[PDB]
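Asker: Have a peek at structure.txt (compact mmCIF, C-alpha atoms and all ligand atoms).
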# COMPACT_ATOMS: atom_id res chain seq x y z
CA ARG A 5 96.57 111.59 81.93
CA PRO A 6 98.27 111.95 85.32
CA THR A 7 101.60 113.66 85.99
CA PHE A 8 104.64 111.34 85.96
CA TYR A 9 108.02 111.71 87.64
CA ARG A 10 111.30 109.99 86.96
CA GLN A 11 114.01 108.36 89.09
CA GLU A 12 116.72 105.71 89.00
CA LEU A 13 116.70 102.78 91.46
CA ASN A 14 119.28 99.94 91.41
CA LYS A 15 120.33 100.67 87.79
CA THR A 16 116.66 100.73 86.72
CA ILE A 17 114.58 103.76 85.65
CA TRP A 18 111.13 104.24 87.13
CA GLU A 19 108.69 106.60 85.47
CA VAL A 20 105.51 106.53 87.58
CA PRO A 21 102.44 108.79 88.28
CA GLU A 22 102.84 111.21 91.24
CA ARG A 23 100.25 109.28 93.25
CA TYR A 24 102.89 106.59 93.97
CA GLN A 25 105.48 107.92 96.42
CA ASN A 26 108.47 106.66 98.43
CA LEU A 27 109.54 104.04 95.90
CA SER A 28 111.81 101.51 97.55
CA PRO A 29 113.33 98.46 95.77
CA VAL A 30 111.92 95.11 96.93
CA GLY A 31 113.80 92.93 94.45
CA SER A 32 114.47 92.08 90.86
CA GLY A 33 113.61 89.03 88.79
CA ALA A 34 114.47 87.73 85.34
CA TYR A 35 111.11 89.19 84.17
CA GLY A 36 110.90 92.52 86.04
CA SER A 37 111.84 94.54 89.08
CA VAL A 38 109.68 95.60 91.95
CA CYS A 39 109.42 98.58 94.22
CA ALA A 40 107.34 99.05 97.32
CA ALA A 41 105.55 102.42 97.23
CA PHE A 42 102.78 104.41 98.94
CA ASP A 43 99.63 105.01 96.92
CA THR A 44 98.46 108.46 98.06
CA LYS A 45 95.13 107.97 96.34
CA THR A 46 94.07 104.96 98.37
CA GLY A 47 96.33 105.23 101.38
CA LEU A 48 97.66 101.73 100.61
CA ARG A 49 101.17 100.35 100.46
CA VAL A 50 101.57 98.80 97.01
CA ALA A 51 104.09 96.82 95.03
CA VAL A 52 104.90 98.18 91.59
CA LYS A 53 106.42 95.87 89.01
CA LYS A 54 108.14 97.28 85.96
CA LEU A 55 108.30 94.63 83.19
CA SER A 56 111.72 93.99 81.82
CA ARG A 57 112.20 94.27 77.99
CA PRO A 58 108.50 93.62 77.42
CA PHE A 59 108.64 93.82 73.62
CA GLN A 60 112.15 92.61 72.90
CA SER A 61 110.93 89.65 70.85
CA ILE A 62 107.75 87.83 69.87
CA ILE A 63 108.24 85.63 72.98
CA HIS A 64 108.49 88.62 75.36
CA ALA A 65 105.71 90.46 73.65
CA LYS A 66 103.37 87.47 73.85
CA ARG A 67 104.42 86.88 77.48
CA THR A 68 103.77 90.52 78.38
CA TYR A 69 100.30 90.24 76.83
CA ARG A 70 99.65 86.95 78.65
CA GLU A 71 100.73 88.45 81.97
CA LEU A 72 98.52 91.47 81.58
CA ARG A 73 95.52 89.42 80.36
CA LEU A 74 95.88 87.00 83.28
CA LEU A 75 96.36 89.70 85.93
CA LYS A 76 93.38 91.72 84.64
CA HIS A 77 91.31 88.56 84.94
CA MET A 78 92.31 87.35 88.41
CA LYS A 79 89.84 88.72 90.99
CA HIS A 80 90.10 86.60 94.09
CA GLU A 81 91.38 87.04 97.63
CA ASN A 82 94.01 84.33 97.27
CA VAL A 83 95.33 85.28 93.80
CA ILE A 84 97.48 88.37 93.10
CA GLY A 85 95.49 90.90 91.13
CA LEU A 86 95.74 94.41 89.76
CA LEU A 87 95.11 97.67 91.53
CA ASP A 88 96.56 99.58 88.52
CA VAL A 89 98.51 99.24 85.28
CA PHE A 90 100.06 102.13 83.43
CA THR A 91 102.70 103.28 80.98
CA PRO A 92 104.32 106.68 80.67
CA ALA A 93 103.74 106.42 76.88
CA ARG A 94 101.38 109.00 75.47
CA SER A 95 100.66 106.94 72.32
CA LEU A 96 101.06 103.45 70.86
CA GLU A 97 104.10 104.55 68.82
CA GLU A 98 106.11 105.45 71.96
CA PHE A 99 104.77 102.53 74.03
CA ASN A 100 107.79 100.62 75.45
CA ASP A 101 107.20 100.08 79.18
CA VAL A 102 104.56 98.46 81.32
CA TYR A 103 104.07 98.92 85.06
CA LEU A 104 101.77 96.75 87.14
CA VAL A 105 100.51 97.64 90.65
CA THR A 106 99.16 95.36 93.41
CA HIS A 107 98.81 95.27 97.25
CA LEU A 108 102.18 95.15 98.92
CA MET A 109 102.79 91.68 100.46
CA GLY A 110 105.39 91.38 103.20
CA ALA A 111 107.03 88.07 102.49
CA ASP A 112 106.88 84.70 100.80
CA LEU A 113 106.15 81.25 102.18
CA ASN A 114 109.79 80.25 101.81
CA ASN A 115 110.78 83.01 104.29
CA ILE A 116 108.14 81.67 106.72
CA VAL A 117 108.83 77.86 106.74
CA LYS A 118 112.58 78.56 106.64
CA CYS A 119 112.20 80.08 110.15
CA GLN A 120 110.70 78.30 111.97
CA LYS A 121 108.30 75.28 111.92
CA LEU A 122 104.57 75.99 111.63
CA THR A 123 101.75 74.97 113.93
CA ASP A 124 99.06 72.66 112.51
CA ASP A 125 96.62 75.59 112.57
CA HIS A 126 98.88 77.64 110.26
CA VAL A 127 99.44 74.72 107.94
CA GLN A 128 95.63 74.30 107.69
CA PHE A 129 95.07 77.99 106.99
CA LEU A 130 97.91 78.43 104.54
CA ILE A 131 97.13 75.29 102.52
CA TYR A 132 93.40 76.07 102.61
CA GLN A 133 94.14 79.44 101.05
CA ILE A 134 96.34 77.93 98.33
CA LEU A 135 93.62 75.49 97.44
CA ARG A 136 90.92 78.15 97.51
CA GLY A 137 92.99 80.20 95.07
CA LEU A 138 93.76 77.11 93.00
CA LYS A 139 90.05 76.17 92.72
CA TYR A 140 89.49 79.59 91.22
CA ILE A 141 92.42 79.42 88.79
CA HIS A 142 91.53 75.88 87.70
CA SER A 143 87.93 76.84 87.10
CA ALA A 144 89.24 79.26 84.43
CA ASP A 145 90.98 76.30 82.75
CA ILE A 146 94.35 77.68 83.78
CA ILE A 147 97.23 75.54 85.17
CA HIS A 148 99.71 77.39 87.35
CA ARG A 149 102.57 74.95 86.63
CA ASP A 150 105.17 76.46 88.93
CA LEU A 151 103.77 76.52 92.41
CA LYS A 152 106.43 76.66 95.08
CA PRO A 153 107.04 78.45 98.36
CA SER A 154 108.79 81.41 96.73
CA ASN A 155 105.71 81.98 94.52
CA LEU A 156 103.31 82.30 97.41
CA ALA A 157 103.03 85.73 99.02
CA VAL A 158 102.04 85.88 102.70
CA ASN A 159 101.49 88.88 104.98
CA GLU A 160 101.89 89.21 108.77
CA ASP A 161 98.22 88.31 109.13
CA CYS A 162 98.89 84.90 107.41
CA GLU A 163 96.86 86.00 104.41
CA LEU A 164 98.18 84.26 101.31
CA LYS A 165 98.16 85.02 97.60
CA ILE A 166 99.33 82.93 94.63
CA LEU A 167 101.62 85.22 92.52
CA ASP A 168 101.65 86.10 88.74
CA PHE A 169 102.46 82.56 87.47
CA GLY A 170 102.12 83.94 84.81
CA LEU A 171 105.27 85.81 83.86
CA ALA A 184 114.69 74.89 92.84
CA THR A 185 111.35 74.78 90.99
CA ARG A 186 112.18 71.14 90.33
CA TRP A 187 111.48 70.04 93.92
CA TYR A 188 107.75 70.87 93.72
CA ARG A 189 107.19 69.52 90.15
CA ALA A 190 104.88 66.63 89.34
CA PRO A 191 106.61 63.42 88.26
CA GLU A 192 104.77 63.33 84.92
CA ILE A 193 106.53 66.66 84.07
CA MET A 194 109.90 65.19 85.03
CA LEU A 195 108.97 62.52 82.41
CA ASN A 196 108.24 65.26 79.93
CA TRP A 197 104.61 64.24 79.34
CA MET A 198 103.00 66.69 76.95
CA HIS A 199 99.45 66.05 78.22
CA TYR A 200 99.71 66.77 81.93
CA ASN A 201 96.58 68.18 83.61
CA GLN A 202 95.67 70.68 86.34
CA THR A 203 96.54 68.17 89.08
CA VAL A 204 100.23 68.92 88.45
CA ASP A 205 99.42 71.89 90.78
CA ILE A 206 97.91 69.56 93.42
CA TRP A 207 101.18 67.60 93.43
CA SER A 208 103.02 70.86 94.12
CA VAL A 209 100.60 71.73 96.97
CA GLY A 210 101.26 68.28 98.47
CA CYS A 211 105.01 68.93 98.38
CA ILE A 212 104.49 72.38 99.96
CA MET A 213 102.20 71.01 102.67
CA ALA A 214 104.66 68.20 103.53
CA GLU A 215 107.43 70.76 103.87
CA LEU A 216 105.35 73.00 106.18
CA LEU A 217 104.54 70.03 108.40
CA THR A 218 108.08 68.60 108.60
CA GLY A 219 110.24 71.71 108.02
CA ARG A 220 112.14 69.84 105.25
CA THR A 221 111.97 69.72 101.47
CA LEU A 222 110.14 66.49 100.66
CA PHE A 223 111.88 65.73 97.35
CA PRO A 224 115.17 67.67 97.08
CA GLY A 225 116.22 66.26 93.69
CA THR A 226 119.59 67.32 92.29
CA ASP A 227 118.30 66.93 88.68
CA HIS A 228 115.27 65.54 86.82
CA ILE A 229 116.33 61.89 87.14
CA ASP A 230 117.20 62.21 90.84
CA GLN A 231 113.89 64.06 91.34
CA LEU A 232 111.95 61.21 89.82
CA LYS A 233 113.92 58.71 91.92
CA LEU A 234 113.19 60.49 95.20
CA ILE A 235 109.50 60.57 94.30
CA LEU A 236 109.25 56.88 93.46
CA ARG A 237 110.99 55.90 96.66
CA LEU A 238 108.14 57.51 98.69
CA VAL A 239 105.15 56.66 96.53
CA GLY A 240 106.38 53.41 94.92
CA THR A 241 107.19 52.64 91.31
CA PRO A 242 104.10 52.74 89.06
CA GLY A 243 101.62 49.87 89.03
CA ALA A 244 100.19 48.28 85.88
CA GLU A 245 97.28 50.67 85.39
CA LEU A 246 99.66 53.69 85.27
CA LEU A 247 102.35 51.98 83.13
CA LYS A 248 99.66 51.40 80.49
CA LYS A 249 99.30 55.20 80.05
CA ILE A 250 102.97 55.82 79.26
CA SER A 251 103.27 56.13 75.47
CA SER A 252 107.01 56.85 75.48
CA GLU A 253 109.02 53.65 74.86
CA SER A 254 112.18 55.03 76.38
CA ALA A 255 110.40 56.44 79.46
CA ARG A 256 108.63 53.11 80.00
CA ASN A 257 111.87 51.13 79.54
CA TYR A 258 113.59 53.30 82.00
CA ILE A 259 110.86 53.18 84.67
CA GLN A 260 110.37 49.42 84.30
CA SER A 261 114.18 49.00 84.38
CA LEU A 262 114.23 50.44 87.90
CA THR A 263 114.25 48.22 90.94
CA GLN A 264 110.52 47.97 91.77
CA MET A 265 109.60 49.81 94.99
CA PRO A 266 106.53 49.73 97.27
CA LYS A 267 104.51 52.71 98.34
CA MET A 268 105.65 53.76 101.80
CA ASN A 269 103.28 54.07 104.71
CA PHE A 270 102.57 57.83 104.98
CA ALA A 271 101.45 57.52 108.64
CA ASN A 272 105.00 56.32 109.38
CA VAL A 273 106.84 58.82 107.19
CA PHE A 274 104.97 61.87 108.52
CA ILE A 275 104.46 60.42 112.00
CA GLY A 276 103.63 63.13 114.54
CA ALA A 277 101.62 65.13 112.02
CA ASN A 278 97.86 65.50 112.36
CA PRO A 279 96.47 62.24 110.88
CA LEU A 280 94.01 64.29 108.81
CA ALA A 281 96.92 66.09 107.17
CA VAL A 282 98.56 62.79 106.44
CA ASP A 283 95.35 61.48 104.86
CA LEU A 284 95.14 64.56 102.61
CA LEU A 285 98.81 64.31 101.65
CA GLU A 286 98.22 60.75 100.54
CA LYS A 287 95.35 62.00 98.32
CA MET A 288 97.53 64.73 96.75
CA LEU A 289 100.75 62.77 96.27
CA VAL A 290 99.16 60.04 94.10
CA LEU A 291 101.53 58.99 91.32
CA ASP A 292 98.73 58.65 88.69
CA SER A 293 97.45 62.19 88.06
CA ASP A 294 94.02 60.86 87.02
CA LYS A 295 93.68 59.68 90.64
CA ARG A 296 94.84 62.82 92.47
CA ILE A 297 92.36 64.84 94.45
CA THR A 298 91.29 68.07 92.79
CA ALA A 299 91.41 71.53 94.47
CA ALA A 300 87.58 71.60 94.95
CA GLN A 301 87.55 68.13 96.47
CA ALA A 302 90.55 68.99 98.69
CA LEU A 303 88.72 72.01 100.11
CA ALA A 304 85.97 69.67 101.31
CA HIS A 305 88.48 67.40 103.09
CA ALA A 306 87.90 67.12 106.84
CA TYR A 307 91.39 68.63 107.52
CA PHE A 308 89.91 72.04 106.62
CA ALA A 309 86.63 71.76 108.61
CA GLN A 310 87.53 74.94 110.58
CA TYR A 311 87.91 76.95 107.34
CA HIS A 312 85.78 75.39 104.60
CA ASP A 313 82.68 77.18 103.42
CA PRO A 314 81.26 76.03 100.06
CA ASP A 315 79.38 79.34 99.69
CA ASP A 316 82.65 81.27 99.93
CA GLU A 317 84.97 79.36 97.53
CA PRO A 318 84.20 81.08 94.21
CA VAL A 319 84.92 80.13 90.66
CA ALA A 320 86.25 82.41 87.97
CA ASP A 321 84.59 84.04 85.02
CA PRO A 322 85.39 82.37 81.69
CA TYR A 323 88.93 83.03 80.50
CA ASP A 324 89.70 83.30 76.80
CA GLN A 325 93.12 81.73 76.19
CA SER A 326 92.70 81.44 72.43
CA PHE A 327 95.48 84.00 71.87
CA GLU A 328 97.91 81.28 73.08
CA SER A 329 97.63 79.46 69.75
CA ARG A 330 98.34 82.66 67.67
CA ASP A 331 101.51 83.56 65.82
CA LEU A 332 101.50 87.34 65.67
CA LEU A 333 104.00 90.09 64.91
CA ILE A 334 105.71 91.93 67.78
CA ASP A 335 103.75 95.09 66.93
CA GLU A 336 100.48 93.16 67.04
CA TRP A 337 101.21 91.82 70.53
CA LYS A 338 102.29 95.29 71.52
CA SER A 339 99.10 96.94 70.26
CA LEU A 340 96.95 94.30 71.99
CA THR A 341 98.85 94.93 75.23
CA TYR A 342 98.38 98.64 74.76
CA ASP A 343 94.62 98.23 74.31
CA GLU A 344 94.54 96.19 77.55
CA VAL A 345 96.41 98.92 79.44
CA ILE A 346 94.03 101.64 78.15
CA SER A 347 90.89 99.59 78.90
CA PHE A 348 91.82 98.68 82.48
CA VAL A 349 89.19 99.61 85.06
CA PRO A 350 90.43 99.64 88.66
CA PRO A 351 88.64 97.60 91.25
CA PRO A 352 86.39 99.34 93.78
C1 LIG B 1 108.54 86.66 95.28
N1 LIG B 1 108.19 86.95 93.90
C2 LIG B 1 108.61 86.05 92.83
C3 LIG B 1 107.37 88.06 93.57
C4 LIG B 1 106.84 88.95 94.51
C5 LIG B 1 106.01 90.02 94.10
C6 LIG B 1 105.43 90.89 95.18
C7 LIG B 1 106.18 91.34 96.27
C8 LIG B 1 105.55 92.08 97.26
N2 LIG B 1 104.24 92.34 97.21
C9 LIG B 1 103.47 91.87 96.20
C10 LIG B 1 104.05 91.13 95.18
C11 LIG B 1 105.71 90.16 92.72
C12 LIG B 1 104.84 91.21 92.19
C13 LIG B 1 105.07 92.56 92.45
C14 LIG B 1 104.22 93.52 91.94
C15 LIG B 1 103.13 93.14 91.18
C16 LIG B 1 102.26 94.08 90.69
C17 LIG B 1 101.13 93.73 89.96
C18 LIG B 1 100.91 92.37 89.71
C19 LIG B 1 101.79 91.41 90.21
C20 LIG B 1 102.89 91.79 90.95
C21 LIG B 1 103.74 90.84 91.44
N3 LIG B 1 106.22 89.28 91.85
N4 LIG B 1 107.03 88.23 92.28
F1 LIG B 2 119.48 56.51 82.14
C1 LIG B 2 118.33 56.90 81.56
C2 LIG B 2 117.55 56.01 80.82
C3 LIG B 2 116.37 56.42 80.22
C4 LIG B 2 115.93 57.74 80.36
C5 LIG B 2 114.65 58.22 79.75
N1 LIG B 2 114.18 57.90 78.53
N2 LIG B 2 112.95 58.57 78.35
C6 LIG B 2 112.60 59.32 79.42
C7 LIG B 2 113.60 59.14 80.35
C8 LIG B 2 113.60 59.81 81.67
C9 LIG B 2 114.15 59.21 82.78
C10 LIG B 2 114.12 59.88 84.01
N3 LIG B 2 113.57 61.10 84.12
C11 LIG B 2 113.02 61.70 83.04
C12 LIG B 2 113.02 61.07 81.80
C13 LIG B 2 116.72 58.63 81.10
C14 LIG B 2 117.92 58.22 81.70
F1 LIG B 3 107.05 57.03 86.90
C1 LIG B 3 105.93 57.69 86.61
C2 LIG B 3 105.62 58.88 87.29
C3 LIG B 3 104.47 59.56 86.96
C4 LIG B 3 103.63 59.09 85.94
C5 LIG B 3 102.39 59.76 85.59
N1 LIG B 3 101.52 60.20 86.53
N2 LIG B 3 100.41 60.70 85.83
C6 LIG B 3 100.57 60.65 84.50
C7 LIG B 3 101.78 60.04 84.25
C8 LIG B 3 102.30 59.83 82.86
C9 LIG B 3 103.65 59.93 82.57
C10 LIG B 3 104.09 59.79 81.24
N3 LIG B 3 103.21 59.57 80.25
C11 LIG B 3 101.88 59.50 80.51
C12 LIG B 3 101.39 59.65 81.81
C13 LIG B 3 103.94 57.90 85.29
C14 LIG B 3 105.10 57.23 85.61
ZN ZN B 4 113.86 86.09 77.23
Could I get this structure in the form of structure tokens?
Ligand SMILES: CN(C)c1cc(-c2ccncc2)c(-c2ccc3ccccc3c2)nn1
Ligand SMILES: Fc1ccc(-c2n[nH]cc2-c2ccncc2)cc1
Ligand SMILES: Fc1ccc(-c2n[nH]cc2-c2ccncc2)cc1
Ligand SMILES: [Zn+2]
Answerer:
Amino acid sequence: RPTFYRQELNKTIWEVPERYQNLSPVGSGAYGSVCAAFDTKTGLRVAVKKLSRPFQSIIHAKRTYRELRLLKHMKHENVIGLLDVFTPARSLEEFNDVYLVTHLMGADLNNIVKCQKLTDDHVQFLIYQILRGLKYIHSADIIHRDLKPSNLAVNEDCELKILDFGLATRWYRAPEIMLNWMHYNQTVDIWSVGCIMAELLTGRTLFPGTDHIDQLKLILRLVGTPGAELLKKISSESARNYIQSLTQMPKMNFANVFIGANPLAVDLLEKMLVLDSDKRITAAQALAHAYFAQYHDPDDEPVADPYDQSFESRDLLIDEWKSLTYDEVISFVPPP
């Protein structure tokens, strides 16, 4: 076991191995807090996340396990992964805190688009990277579900990573989720990418809904109200009544709406912002789109190893989730 040292930062206690020095608070979330630090062992700047109340309930405990299982599995350039995971606990009985370590990332996509507007080359590179990461995640039968600019880490070099997804959101959400459809698919994430891309090209939020109903309205005004084929798939009586009760609207001409943008980007946007999710382009297909000809390489867009999500259907005791999480901490093998 390594030697740990203790300190308090922004009301939070950090108990970390001596190898991590110069801890500096980067921010706090509802699920944990993060410090930037220097990893003396590798010479790298890292971000250290201390999970908040990881075993407070069955929900937290299961979430903590999910987070650790997912992060231990993600090994891809465009997906946040683990350099280290540790706990100051010396045994399972005293196990109460979990710390996660990854490469320090300087900013998020929201910071970038917010000041100022991006060149077409940057939009190509940034979206390409999202999609490359998404291909990988999707290949593991995982759906991100909450992709948005604040969840995309980007460094000075324009390198991008999808964050732990894992642990207003509304604006980037697929319309079928606004309708509370219980059987949405992986293309909910493609919808989000389309919204992000649009924003990077125009400098404006595409669908700034004030609530779920307004969100749906803004979406239908751009893409049109659903046609017959899509209406047939809506099992909910009330949702169908509502939708069909709306003044019918035509799909707008994307070339006109995003005029000035690279026509290839407009073409791709149209393939991503398809109302019927069964007809939306997938991440793998999007990577092959001509818009990314300068970046696409089918021999360098890997898929993920199989990911066992069976635990998701289990109803276990807090101590069981805790012990499973503890095993995962102890079995972690750092990357080379
Ligand atoms: C912006 N946001 C919601 C973030 C931003 C970060 C972050 C900030 C700076 N560099 C890297 C990440 C982490 C975060 C921070 C540390 C992490 C450590 C291990 C695994 C995942 C981690 C995720 N989690 N969420
Ligand atoms: F005014 C109304 C009328 C009907 C609905 C409704 N019934 N089922 C689903 C919905 C609905 C409508 C808009 N956005 C999400 C869900 C919501 C508001
Ligand atoms: F108004 C809309 C907006 C989106 C959808 C939609 N797109 N893909 C799947 C659906 C959908 C929504 C509700 N129930 C089944 C399927 C359907 C109607
Ligand atoms: Zn909670």
Asker: Each residue of chain A with at least one atom at most 7 Å from ligand LIG 2 (chain B) should appear once, together with its nearest atom pair and the corresponding distance in Å (one decimal); atoms considered: all atoms listed in the file; ordering: chain, then increasing residue number; output as a Markdown table.
Answerer:
| residue | atom | partner | partner_atom | distance |
| --- | --- | --- | --- | --- |
| A:194 | CA | B:LIG2 | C11 | 5.1 |
| A:195 | CA | B:LIG2 | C11 | 4.2 |
| A:196 | CA | B:LIG2 | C12 | 6.6 |
| A:228 | CA | B:LIG2 | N3 | 5.5 |
| A:229 | CA | B:LIG2 | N3 | 4.2 |
| A:232 | CA | B:LIG2 | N3 | 5.9 |
| A:252 | CA | B:LIG2 | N2 | 6.8 |
| A:254 | CA | B:LIG2 | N1 | 4.1 |
| A:255 | CA | B:LIG2 | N2 | 3.5 |
| A:257 | CA | B:LIG2 | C3 | 7.0 |
| A:258 | CA | B:LIG2 | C3 | 4.5 |
Asker: Given the selection you just returned, output its residues as a file containing C-alpha atoms, formatted as a CSV table (one decimal), keeping the file's coordinate frame.
Answerer:
chain,number,residue,atom,x,y,z
A,194,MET,CA,109.9,65.2,85.0
A,195,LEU,CA,109.0,62.5,82.4
A,196,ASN,CA,108.2,65.3,79.9
A,228,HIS,CA,115.3,65.5,86.8
A,229,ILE,CA,116.3,61.9,87.1
A,232,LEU,CA,112.0,61.2,89.8
A,252,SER,CA,107.0,56.8,75.5
A,254,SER,CA,112.2,55.0,76.4
A,255,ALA,CA,110.4,56.4,79.5
A,257,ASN,CA,111.9,51.1,79.5
A,258,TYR,CA,113.6,53.3,82.0
Asker: Name the closest residue to residue 197 (chain A) among the candidates A:68, A:293, A:46, A:326; distances are taken between atoms, counting all atoms listed in the file.
Answerer: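 Closest candidate: A:293.
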Asker: Just how far from CA of residue 352 (chain A) is CA of residue 314 (chain A), in Å to one decimal?
Answerer: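 Going from CA of residue 314 (chain A) over to CA of residue 352 (chain A) covers 24.7 Å.
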Asker: How would you write, as an NGL selection string, the set of residues no farther than 8 Å from ligand LIG 3 (chain B) when counting all atoms listed in the file?
Answerer: :A and (190-200 or 232 or 236 or 241-242 or 246-247 or 249-252 or 255-256 or 259 or 290-294)
Asker: Work out how far CA of residue 150 (chain A) is from CA of residue 100 (chain A), in Å to one decimal.
Answerer: 27.8 Å
Asker: Measure the distance from CA of residue 243 (chain A) to CA of residue 288 (chain A) in Å and round it to one decimal.
Answerer: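 Atom-to-atom, CA of residue 243 (chain A) and CA of residue 288 (chain A) are spaced 17.2 Å apart.
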Asker: At a cut-off of 10 Å and counting all atoms listed in the file, what residues surround ligand LIG 1 (chain B)? Please answer as a VMD selection string.
Answerer: chain A and resid 30 to 40 49 to 55 71 to 72 74 to 76 83 to 89 103 to 115 152 to 159 165 to 171
Asker: Within 9 Å of ligand ZN 4 (chain B), counting all atoms listed in the file: which residues, as a list in words?
Answerer: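 I would give the residues around ligand ZN 4 (chain B) as residues 34, 35, 57, 60, 61, 63 and 64 of chain A.
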Asker: Compare A:148, A:295, A:66, A:45 by their minimum atom-to-atom distance to residue 329 (chain A), counting all atoms listed in the file, and give me the closest one.
Answerer: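 Closest candidate: A:66.
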Asker: Which residue gives the smallest distance to residue 305 (chain A) among A:262, A:282, A:319, A:289, with only C-alpha atoms counted?
Answerer: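 Under the stated criterion, the closest residue is A:282.
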